[PDB]
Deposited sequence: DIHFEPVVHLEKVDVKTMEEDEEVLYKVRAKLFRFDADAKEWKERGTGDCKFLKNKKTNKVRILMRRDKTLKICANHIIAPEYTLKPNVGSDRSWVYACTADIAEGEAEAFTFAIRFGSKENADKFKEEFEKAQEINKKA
């Protein structure tokens, strides 16, 4: 005998896409980037709630953290065929839940369309 010398694991990934996230500065007539990286749909296996979790590349800091509410509606932006705009009322990416007007952009219209399909398949899971 010789003696020898993130709080995400209880969830499951439904959908993952690369995206850029913006937030509308209402008082400055301007869009402002919040982060770039992987946007993920996370369904809690002990609740079956689906949420949005998005982390910045390299620094891995969270720029989106909110439930895909059935109340939310995805509306196109006037200058893009690969983006969605929607109001969000409780996002906890930077502290306690604040309401945001978000825009999320993708590499192609294909990805943005598939994001819409998965965003609404998630809203029905969050309704049951």
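- Going by the record, the unmodelled stretches of the deposited sequence, in order, are 1-2, 8-16, 140.
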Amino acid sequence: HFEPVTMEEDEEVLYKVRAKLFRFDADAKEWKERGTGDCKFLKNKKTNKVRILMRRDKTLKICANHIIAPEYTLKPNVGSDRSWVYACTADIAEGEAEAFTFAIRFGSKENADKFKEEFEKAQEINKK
From here on, numbers count along this sequence of modelled residues.
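- Taking the PDB entry as given, 87-95 carries the higher mean Cα B factor of the two stretches 72-80 and 87-95.
- Look at the C-alpha B-factors of 111-119 and of 7-15. On average they run higher in 7-15.
- Residues shown: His66, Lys58, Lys32, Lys43. Highest C-alpha temperature factor in the entry: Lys43.
- Per-chain ranking of the deposited C-alpha B factor places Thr36 in the lowest third.
- Ranked by C-alpha B-factor against the other modelled residues of its chain, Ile52 falls in the middle third.
- In this PDB entry, the Cα temperature factor of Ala28 sits in the top third of its chain's modelled residues, the highest group.
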